[PDB]
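>>> Below you'll find the sequence and an experimental structure to go with it.
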Amino acid sequence: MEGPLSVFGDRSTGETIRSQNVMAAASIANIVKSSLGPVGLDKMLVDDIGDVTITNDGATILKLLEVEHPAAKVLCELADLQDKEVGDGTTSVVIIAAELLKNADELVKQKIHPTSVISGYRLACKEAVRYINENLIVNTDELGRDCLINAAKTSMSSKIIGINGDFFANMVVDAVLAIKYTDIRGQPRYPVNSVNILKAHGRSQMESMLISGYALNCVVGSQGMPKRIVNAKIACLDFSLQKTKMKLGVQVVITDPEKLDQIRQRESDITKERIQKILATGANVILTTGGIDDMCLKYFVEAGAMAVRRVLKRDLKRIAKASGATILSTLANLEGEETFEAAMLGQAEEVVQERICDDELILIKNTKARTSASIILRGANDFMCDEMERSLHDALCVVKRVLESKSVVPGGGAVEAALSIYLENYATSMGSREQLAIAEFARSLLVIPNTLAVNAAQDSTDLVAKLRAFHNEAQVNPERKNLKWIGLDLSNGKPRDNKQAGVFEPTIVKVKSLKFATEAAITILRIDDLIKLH
Amino acid sequence: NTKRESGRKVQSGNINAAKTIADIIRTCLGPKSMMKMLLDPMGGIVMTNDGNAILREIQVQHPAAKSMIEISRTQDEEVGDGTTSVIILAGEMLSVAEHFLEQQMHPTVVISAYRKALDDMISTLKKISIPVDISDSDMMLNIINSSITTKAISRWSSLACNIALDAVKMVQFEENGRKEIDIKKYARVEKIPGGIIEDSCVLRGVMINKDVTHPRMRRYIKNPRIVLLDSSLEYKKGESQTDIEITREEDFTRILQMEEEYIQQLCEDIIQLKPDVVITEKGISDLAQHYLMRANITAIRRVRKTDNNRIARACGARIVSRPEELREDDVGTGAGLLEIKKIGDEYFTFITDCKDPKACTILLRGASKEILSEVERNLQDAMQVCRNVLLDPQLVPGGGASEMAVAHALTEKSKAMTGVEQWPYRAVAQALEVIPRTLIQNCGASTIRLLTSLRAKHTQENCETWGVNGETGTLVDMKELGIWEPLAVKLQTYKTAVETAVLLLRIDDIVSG
Amino acid sequence: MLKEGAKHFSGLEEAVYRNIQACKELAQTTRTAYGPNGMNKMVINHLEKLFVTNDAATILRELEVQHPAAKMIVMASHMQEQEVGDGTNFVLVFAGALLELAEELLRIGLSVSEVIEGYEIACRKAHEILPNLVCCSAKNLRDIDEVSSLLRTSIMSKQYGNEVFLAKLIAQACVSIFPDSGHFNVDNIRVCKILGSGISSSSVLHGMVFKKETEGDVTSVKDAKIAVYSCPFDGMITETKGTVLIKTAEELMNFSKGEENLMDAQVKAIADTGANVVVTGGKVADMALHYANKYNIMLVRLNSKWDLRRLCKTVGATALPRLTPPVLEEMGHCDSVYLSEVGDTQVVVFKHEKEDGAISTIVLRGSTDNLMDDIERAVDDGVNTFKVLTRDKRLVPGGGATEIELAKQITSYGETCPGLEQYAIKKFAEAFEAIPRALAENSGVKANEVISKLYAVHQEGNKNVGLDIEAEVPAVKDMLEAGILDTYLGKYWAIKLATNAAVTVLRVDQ
């Protein structure tokens, strides 16, 4: 607070209460200026005084915070609402919004009509969006230099942990194209979480191998069971199998030790019975979903029982669909005399076991009922592979979004840097009250790539200087090729000429970034009447 | 609630907090040492050579202080030593780097300099690492002895050596091909009351002290078979509440015997089938135990599943449901000796085991019950050097020579490379050098003049084979001296320190909500 | 204290900390100065005008400090002002920079006295490698381009807008009358401000320029020897006044008759003695004028203090109060006396032609006298850099292009020697780095970028930076081949005096 305290609950009337609210709005934003981009910086938020969390994501930061003003309150919720939407635009949206709200209360107040003043802000975003739609000059992965091969290459060079864009470019191309499930949300799209990406420790540090068809992860090292019988047909049992507990459970209500005991003797026998019947059908490899205890591991090994274990359910789940097996379609027992089907078997070209790089894999070559691929990263450690995966995932997300909306832009603050000059040429042209409306809208766009620059320590001054030159009054064109630059790599923090990097983000996120920053000005304004309630 | 303070303002508060901790521990490390005295809020004295202890008992602050407590805890779990080391590295780097490079104006460049100093440091420090064998004991003897007398113990040095050296090597993991690092839980130490050193046994296996606790439970069987619940015991152990009334008198009698009745049904199963060892993860009692002793069968009780499965590899027999289930052997042999020694009415079963994952809990004996505690600390330091050597036969002949070795190494490179990197890289070079200088402070004279002779010695003779010792504060051939720093401690301490100093530089908001 | 005696204002904490922080504040006026700059520092002093300078000598004398440590360096700067021109700023920034670096040494556990020792060593090695940084030199002093390149650096240090015109102008107007090989005079060249007209309209005139208008007839004889009098007229008789107008009417007749007959005699004595140009700082009455038309004497209406001063130094003159007839004794070396209008104002022109004791004038034309005071700093330093007393001035790279070269050699050299001395030697390198920092601050970018990229190009001996856009981002400019050169002697005394000054002041504790 400041002003009189004649009334309370964020009422002080006149100039003072407006001034109080906008400063506070600005404090939130300043936190998120330093955390802006993929260059964003870690913050420490102390949550009591015996707890801490380390975060560097824009929406997350704001959630833990203690709002205590109406301006505070509307701005956190705007960020969180955007997090719900996509979760991209989250660092940026706040920063633009801080400037907008302050400028607009002044201009709406300086009315001829208040609906007209707000409409100018709308008019600036309508040109912006239109521009954004017209553009296919940067972030096009479908008419790239090498299509999806180039898009991935530049993405892996921007998020480099070694030598990448080499082996790793090819992976991105494979994984999107390995899903043949079209998800019609505006144009055909593929999930990038229906892919199987696997880690393998041992051998060459920065490598990849493409596998035709999905693969099941396991390891041999203390097993004596067969599971490496080369075949072509898999019986996929969603069904748990355990030699100790698959009928038994702890009862402490039955006095007699017999009931617990008897079922246990019988469950060593029936496991042996159960496997032969499944095999007879057509399989020589069985994939069994249930997990196993370290204590139980010795029994399966000793009895000699034919089972695939140390399985990963997610891997198994992909195989069953692709082979055309069903995991569940007739089972309902827990005896070893249990029925089994010839349709719960699936088909592959071969089900062959290779051990490559110190990891045993059963590899399903060329799956039938639909085709896939599984890319297994190769590091000299398991840890190396986590880094490589996370960077690749980013590459894969940007590619998928590109498929949905044909139209693309160099995303981040780069679309913004272009639009500043254009919405200014337009502001001037219109004149009157609307010239201010667009012009405050416009200058707010220039500031975000400059603030981002600071974070990677390339500075604001260096950024503006290089960039505005390329834009001109006869280079207002959207083109489809460079003659003026318009992108801006955001990791580099200075403009380059990589026009398909994964630090660009398409039209889908960037249109809603513009709308959410404006909305914050409309909304704080939306009130009619101010009262204190005792 | 929300508190806003921006930039270089926040970044000084971090220096302020870190350095104050770092200074005395910078003196406490070495083969010379100081004391950080706590004046307690309840009064009285507690004084340690370890800064984290004193922070924990009182004084926690928002930035650095909480970070130093948290990284150092991870460090104890890992190698088990160098808890002391982390905190100093993190504070000296943040101290010296930040101020000159902020006035100039470039925070994010400094973060990239920390990487370039991480990359340099690994390469140069590994070249000076000298291979020794782990099939030659007399070589491993020299390195392990230093770790002991870094705490300033020389009385109980010799005893720690003989137990630790053989023992850690036999620890595998359940990949079985390694060896290497044998991080704690796969190696442990547990103590037994009083004792003296003639009551000490070398134990390369694991000991269970809730095994044979009576002179009517298993004597000596070279390889036992441990029987898991199943069909020779039961999973049940509880009371039934089928129908209950407080009104009923006979209800109070029924309910209490139902616990005891259940225990007798479990213990009757073991009698009828004849194990020689049974394992319960639920945890039996004394009174439950008794019924097992007439059949002359030992019970292992108050254990956990991960311990019994590793211990089954060690003992020489796999996990079997009952003594009438016999199938293919996962381990057919594993124990070389079974030994039992009694102190009080509690018998302690020692079981020597070679080349199995186990848990490897080794015996120790102090001069008294108090001394068991101090002995147990010396072994935590000793078993660390065995996992270090077993991982990498290459280790540094350091002795504070090692910090120094890297510090001068970086100064040479900053000059050669030139480029925008050279000023932040030269800043971190110097931070590392503050530390070995403090070791010479305890010794005497003008510290910096002595340090100069080290600088000239690094390019000319050797980096750290001929290095400096902090007890002489002069150059001594470090290899002849037989003071060697464990490579594994130095590798990890230096990795975490850059990161904790790097985290604080990134922070430029502290909120309190 | 513990004593009610033994007065000190320095010592203990205050020697180590307070003295250094004060040197730092003086030398803040020269971390905006020296070479490329747009800084202007306004200083007032009740001089009925605004005084604009980017020279150390005028800033320093104005500013009084009550501590011996800060006060002592001002003297060292003046010393380098006498022996040489521009680089005055460089003397103070160096001493002041070295002292900031010094205090950090004191902190670590190093002693004062070795640090003191290691500078003398570093200063000796820097001078020894200094004539091996000669890259260009003059051979003819009658050639306008070779002289102007030297001049240019002095001018540059002032403003970066007035380098081209002035550097040409001085060499054109001559400071090459002397051989400059044993002998040079700098009180027989002044910088003479003529109010009116633009500063590109600044002109060449040879020999003494005085602004005051000429009255009567003008001479062109070679028998014209200068006679200088501060006041030779005030009325030969002063009035008293008894009717508070005159004392009185018959007496007023006599007061006028006696003035006219005494002034006749005085002005005829001047005529006869061979003085055919008289400089009057008094007042020219009709009676006095009437006499000088008959005898044929060039008459200079008025003079101010400034105009009298230049006559006494150059001529070997004295300025006597008079109302009783005198004779020559002022004498003069000037034969010719001509009349020529500069600024559209009648100016008195003195000339004779010779080498030694020969006169020249860099004369300026300007909108205001303030604009002319800064220009004057550029020009007077440009005369004082000329003095080297050789014709091969052994020019070394100007503009601070030497500085990084010196710094690289010195840091390597430091490594070789052992003990505590070496740290002072390294610091001695980073004190030179002061100059590249100040050029960076005005240029608009940080210190890290310039010093690293000059170092990156290795041994060059050209590299320095301007105020430009070229001066910012790649931070590379050629100041060997832009004809930005300074003299070996100017850099020598700058570094020498500054090292001596830094050592004496670091010693104090009283």
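Received, thanks. Residues are numbered from 1 along each chain as shown, chains lettered A, B, ... in the order given.
>>> Next one: residue A:196 from residue A:220, what distance?
Residue A:196 sits at a distance of 20 Å from residue A:220 (criterion: Cβ to Cβ, to the nearest Å). Just so you know, the C-beta spots here come from the backbone N, C-alpha and C atoms, and that holds for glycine as well.
>>> Show me where the stretch 101-250 of chain C has its strands.
Residue ranges of the strands in the stretch 101-250 of chain C, as given by DSSP state E, counting those that start in this stretch, are C:189-195, C:203-205, C:209-210, C:214-215, C:226-229.
>>> hmm, I was thinking of the stretch 101-250 of chain A
Counting by DSSP E, counting those that start in this stretch, the strands of the stretch 101-250 of chain A are A:183-184, A:188-189, A:197-198, A:207-212, A:215-217, A:231-237.
>>> Tell me which of those lies nearest to chain B.
The minimum distance between chain B and the strands of the stretch 101-250 of chain A falls on strand A:215-217, with 15.9 Å, by Cβ to the nearest Cβ.
>>> for the closest one, packing partners?
helix A:313-323, strand A:360-367 (3 or more Cβ pairs under 8 Å, 6 or more residues apart in numbering or on different chains; DSSP states H and E).
>>> now for these, which one comes closest to residue A:295?
When these are compared by Cβ to Cβ, helix A:313-323 sits nearest residue A:295, at 20.9 Å.
>>> Run the angle between that closest one and strand A:231-237 for me.
120 degrees (axes from the mean of the first three to the mean of the last three Cα atoms, to 10 degrees).
>>> okay, helix A:313-323 in PDB with CA atoms only?
Provided in PDB are the C-alpha atoms of helix A:313-323 (Å, rounded to 0.1, in the frame of the first residue of the first chain):
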ATOM      1  CA  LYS A 313       5.900 -52.800 -19.800                       C
ATOM      2  CA  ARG A 314       5.900 -49.700 -22.100                       C
ATOM      3  CA  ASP A 315       8.100 -51.600 -24.600                       C
ATOM      4  CA  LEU A 316       6.000 -54.700 -24.400                       C
ATOM      5  CA  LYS A 317       2.800 -52.600 -24.900                       C
ATOM      6  CA  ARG A 318       4.100 -51.300 -28.200                       C
ATOM      7  CA  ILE A 319       5.100 -54.700 -29.400                       C
ATOM      8  CA  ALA A 320       1.700 -56.300 -28.700                       C
ATOM      9  CA  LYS A 321      -0.200 -53.800 -30.800                       C
ATOM     10  CA  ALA A 322       2.300 -53.800 -33.700                       C
ATOM     11  CA  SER A 323       2.600 -57.600 -33.800                       C
END
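>>> What residues sit buried inside that helix?
A:315-323 (16 or more other Cβ atoms under 10 Å in any protein chain shown).
>>> Quick check: the gap between the spatially closest residue to residue B:174 that is not a sequence neighbour and residue C:159.
Distances taken as Cβ to Cβ, 6 or more residues apart in numbering or on different chains place residue B:357 nearest to residue B:174, at 4.9 Å, with adjacent residues excluded. From residue B:357 over to residue C:159 the distance is 81 Å, taken as Cβ to Cβ.
>>> need the contact list for the residue nearest in space to the middle of chain B.
Closest residue to the average C-alpha location of chain B: residue B:80 at 2.4 Å, with Cα atoms, centre = their mean. When contacts are counted by Cβ atoms under 8 Å, 6 or more residues apart in numbering or on different chains, residue B:80 touches B:184, B:380-381, B:383-384.
>>> Would you mind giving the helices and strands packed on strand A:215-217 as CSV with distance to residue B:304 added?
Shown next, in CSV, are the helices and strands packed on strand A:215-217 (distance: least, Cβ to Cβ, whole Å):
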stretch, distance to residue B:304
helix A:313-323, 26
strand A:360-367, 29
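>>> Relative to residue A:405, which of those is closest?
Across those, closest to residue A:405 is helix A:313-323 (Cβ to Cβ), at 27.9 Å.
>>> could you give the angle of that closest one to strand A:360-367?
30 degrees.
>>> what's helix A:313-323 packed up against?
Against helix A:313-323 (3+ Cβ pairs under 8 Å, 6+ apart) you get strand A:215-217, strand A:231-237, strand A:285-288, strand A:345-355, strand A:360-367.
>>> Repeat the analysis, applying 10 Å as the threshold.
Helix A:313-323 sits against strand A:215-217, strand A:231-237, strand A:285-288, strand A:345-355, strand A:360-367, strand A:373-378, with contacts defined as 3 or more Cβ pairs under 10 Å, 6 or more residues apart in numbering or on different chains; DSSP states H and E.
>>> Pick out the residue of the stretch 251-400 of chain B closest to chain C.
residue B:400 (17.8 Å).
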